Amino acid sequence: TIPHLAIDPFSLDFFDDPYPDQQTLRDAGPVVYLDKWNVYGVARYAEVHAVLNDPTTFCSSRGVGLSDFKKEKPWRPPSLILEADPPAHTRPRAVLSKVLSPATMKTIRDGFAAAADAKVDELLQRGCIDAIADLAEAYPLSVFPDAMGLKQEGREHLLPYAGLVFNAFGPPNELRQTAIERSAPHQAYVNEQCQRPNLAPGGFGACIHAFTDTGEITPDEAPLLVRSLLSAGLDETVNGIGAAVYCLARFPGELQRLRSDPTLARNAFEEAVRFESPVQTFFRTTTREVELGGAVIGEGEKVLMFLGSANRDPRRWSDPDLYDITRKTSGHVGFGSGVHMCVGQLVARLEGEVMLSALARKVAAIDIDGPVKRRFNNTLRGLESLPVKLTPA
Ligand code: HEM
Ligand SMILES: O=C(O)c1ccc(-c2ccsc2)cc1
Ligand SMILES: [Cl-]
């Protein structure tokens with residue numbers, strides 16, 4: 001009653017062009033079985049949204065990667081928020097929600113917008129730039145580590161640790177195993193910076209340690225919570241920003257609309273998060289036998305959610321393969337949905353908005369002038385290189 005498919009969603013062939021295989025997954029049925037890794041798969045919007053919003057049946061405490069924590073040991077101590085279920089998840093989630101609150105955004109918006117304007121001006125002086133290394137990567141590195149309160153030394157570990165974390169959500173393929181092989185230096189840097197003395201006052205990390213006085217987290221819980229903000233946030237925002245630039249270059253009509261109304265910058269980034277979905281997939285584990293879309297799934301089974309596919313499901317979106325900066329994007333699952341829906345989504349939207357705004361006001365044309373190269377990751381979708389010409393407005 002369940003179609004069995006041989007598609008490997010963690011193969012380089014799939015990473016190169018996942019959209020045809022995603023339709024095959026959506027059109028085979030609401031629930032598929034992937035014989036390659038012995039997991040259930042859901043690629044339609046309705047089933048992805050259903051799973052994300054039933055955390056009791058589809059839990060996260062047994063890991064949101066392929067590995068089942070009841071069967072194998074986690075490659076690192078489990079995150080206190082991503083890899084936790086209610087009620088254990090609730091109080092750590094509330095701390096990160098207050099640390100990255102709408103009120104917190106007010107204290108950092110002017111500095112984030114200034115660095116974005118300054119980077120665009122710098123790149124306009126060069127003309128031909130790599131929109132990944134020089135823009136998508138450079139800008140978040142120039143605002144987020146300082147907003148965390150991280151010292152200057154050792155910041156070169158942040159990007160490799162981010163790519164390791166998301167590679168480790170995948171199956172034990174070469175991408176995952178080679179990432180873990182090289183992980184020891186990045187783990188040691190990240191864990192050390194999580195200690196309260198190493199986090200500058202006023203920053204995100206120091207604000208997490210300050211919540212230990214309230215009874216929501218204990219002092220021994222703070223370093224792991226800080227670790228969450230050194231694991232998530234970086235590569236997703238880089239990939240999302242890089243995808244928005246790529247879209248603005250592939251769809252010149254949308255850049256012209258953004259230039260004419262720079263207040264569309266926020267929705268232009270949100271639509272890029274839907275169009276690209278920097279986080280393509282992750283897992284849940286069933287805690288009981290469950291019927292999902294006419295399919296009986298046993299207890300203790302891994303369920304693979306295709307976020308990017310759900311964001312392009314024609315059963316939910318009109319013209320999903322088109323980048324439309326005025327699209328009603330509310331309801332996309334690029335940030336997830338339910339109790340685990342990205343706690344840093346306000347930081348990501350701010351970073352994306354102020355960068356697209358700086359582009360909207362200072363740039364007249366964005367033209368690809370070189371070979372585009374993909375960056376391969378078991379969980380993340382994004383570009384390795386995007387050579388573009390920036391024409392000043
Ligand atoms: C374009 C940018 C981003 C995307 C696409 C993204 C994506 C996601 C998704 C899909 C989830 C849900 C995971 C799940 O349900 O299992 C999530 C959770 C999370 N994200 Fe993001 N994220 C982004 C930016 C950020 C930023 C900037 C931060 C921190 C500053 C961050 C930190 C977190 C954390 C800590 C969680 C776990 C929340 C929880 O378990 O309740 N993310 N993210
Ligand atoms: O270290 C953490 O707490 C953490 C790590 C990864 C994610 C994430 C985001 C989209 S898929 C998985 C969330 C939180
Ligand atoms: Cl670690």
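All ligand and atom numbering here is 1-based and tracks the order in the structure. All residue numbers refer to positions in the sequence shown, counting from 1. Atoms considered below: every heavy atom in the structure, side chains included; atoms not considered: hydrogens, waters and symmetry mates.
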Nearest protein heavy-atom contact for [atom]: which residue, which atom, what distance?
atom                    : answer
atom 11 (S) of ligand 2 : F282 CD2, 3.4 Å
atom 26 (C) of ligand 1 : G233 CA, 3.3 Å
atom 29 (C) of ligand 1 : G344 CA, 3.7 Å
atom 6 (C) of ligand 1  : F335 CD2, 3.8 Å
atom 20 (N) of ligand 1 : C342 SG, 3.2 Å
atom 35 (C) of ligand 1 : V343 CG1, 3.6 Å
atom 33 (C) of ligand 1 : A232 CB, 3.7 Å
atom 13 (C) of ligand 1 : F282 CZ, 3.6 Å
atom 5 (C) of ligand 1  : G334 O, 3.4 Å
atom 14 (C) of ligand 2 : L82 CB, 3.5 Å
atom 8 (C) of ligand 2  : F166 CE2, 3.7 Å

Would you call [X]-[Y] a salt bridge at under 4.0 Å N-O?
X    : Y    : result
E353 : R266 : yes
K302 : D68  : no
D313 : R44  : no
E299 : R288 : no
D134 : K119 : no
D27  : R315 : yes
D130 : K373 : no
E270 : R327 : no
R62  : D85  : no
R374 : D16  : no

For ligand 1, which atoms sit closer than 4.0 Å to a heavy atom of [X]?
X    : result
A348 : 2 (C), 24 (C), 27 (C)
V339 : 41 (O)
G336 : 10 (C)

Would you please classify the geometry between the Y40 ring and the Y33 ring as parallel, tilted or perpendicular, with 30° and 60° separating the classes?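 It falls in the perpendicular class, over 60°.
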Look at the rings of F275 and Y323 and say which category their plane angle falls in: under 30° parallel, 30 to 60° tilted, over 60° perpendicular.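 Taking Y323 first and then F275, their aromatic rings stand perpendicular (interplane angle over 60°).
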Assess [X] for proximity to ligand 1: is some non-hydrogen atom of it under 4.0 Å away?
X    : answer
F204 : no
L307 : yes
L234 : no

Polar side chain donor-acceptor pair, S60 to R284, under 3.5 angstrom: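 Per modelled atom types, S60 and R284 side chains form a pair under 3.5 Å.
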Got a sec: does the CG of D110 have more than 12 other heavy atoms crowding it under 6.0 Å?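 Check fails, neighbour count at 12 or below.
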Between [X] and ligand 1, find which residue part has any heavy-atom pair under 4.0 Å and reply side chain, backbone, both or neither.
X    : answer
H340 : both
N239 : neither
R284 : side chain

Residue selection (non-hydrogen contact nearest atom 1 (O) of ligand 2) among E83, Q280, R76: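 Looking at heavy atoms only, the winner is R76.
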Under 3.5 Å, N or O to N or O, is [X] touching ligand 1 that way?
X   : answer
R93 : yes
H89 : yes
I81 : yes

Are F169 and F282 close enough that their ring centers fall under 6.0 Å?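 Not close enough - the centres of the two rings lie 6.0 Å or further apart.
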Looking at the rings of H186 and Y161, which for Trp means the six-membered one, are their centres under 6.0 Å apart?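 No, the ring centres sit 6.0 Å or more apart.
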Contact check: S228 vs ligand 2, nitrogen or oxygen atoms, below 3.5 angstrom: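 Yes, there is a polar N/O contact under 3.5 Å.
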Give yes or no for whether the N/O distance cutoff of 3.5 Å, strictly under, is met between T379 and ligand 2.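 Checking ligand 2 against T379, no N or O pair falls under 3.5 Å apart.
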Suppose I only count heavy atoms of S231 and a 4.0 Å limit; which atoms of ligand 2 are within that range?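 Here the atoms of ligand 2 in question are 1 (O).
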Against ligand 2, does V279 come closer than 4.0 Å with any heavy atom?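 Contact present.
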